[PDB]
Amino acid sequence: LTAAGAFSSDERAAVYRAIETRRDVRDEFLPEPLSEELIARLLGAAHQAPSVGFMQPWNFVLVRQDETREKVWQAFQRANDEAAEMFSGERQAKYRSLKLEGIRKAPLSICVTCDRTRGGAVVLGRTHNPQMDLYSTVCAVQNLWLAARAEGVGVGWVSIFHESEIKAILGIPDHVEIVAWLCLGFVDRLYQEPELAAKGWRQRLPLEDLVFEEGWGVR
């Protein structure tokens, strides 16, 4: 141990800045590839996330080739067609008009998975609450996302697709689970608020009535 620790005003501002400015990026990806050194720093961030029992259940399968990004994209559509069919009248139109991935456009894609049996037979956290290993994995992702914003790299989480297909296309064991598919690529333009809000799909909720005092539903 050592060092108390409030950051300086400048450091504090930067952290907040990464937090207040990252976005899910679908259509503004740049073709320029990321250096091996950059990717390492982004995965290095991810790897420094907390994880239940410190089992560090994650794996990152990097995807860089056209054949693969084509099969996955095909896997997206199909899934997205089904999704669309869940909305009627007006909404559907809107849904079917949104951009929900840039699988093809983005140079690098990362498939972050969770090994449901990493470590031993028992473990902390993951005792009566199995989800924790997965939750640990999502933290990994959030970290990547922020470090990415910092690096001027765009990131997009795509979740519209049958896991089995993606697992098959990547040859992932069934004892292993996909937490997230991430599209990555530099970006020079960013929405100043959630795109999904801008395109009028859903607004930002007022935090003030999402916060309770000492007991559920108590303001």
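Residue indices: 1-based, along the sequence shown.
Asks: In the PDB record, does 187-195 or 30-38 carry the higher mean Cα temperature factor?
Replies: Here the higher of the two C-alpha B-factor means belongs to 30-38.
Asks: If you average the CA temperature factors over each stretch, which comes out higher, 77-85 or 133-141?
Replies: The entry gives the higher C-alpha B-factor average to 77-85.
Asks: Kindly indicate the residue among 50, 57, 173, 156 with the greatest C-alpha B-factor in the PDB record.
Replies: Comparing C-alpha B-factors across 50, 57, 173, 156, the top value belongs to 173.
Asks: Please say which third, lowest, middle or highest, residue 151 falls into when its CA temperature factor is compared across its chain.
Replies: Lowest third - that is where residue 151 ends up once the chain's C-alpha B-factors are sorted.
Asks: Relative to the other modelled residues of the same chain, rank the CA B-factor of residue 121 and answer lowest, middle or highest third.
Replies: Residue 121: CA B-factor falls in the highest third of its chain.
Asks: Give the position of residue 93 by CA B-factor within its chain, expressed as the lowest, middle or highest third.
Replies: Highest third, going by the recorded CA B-factors of the chain.
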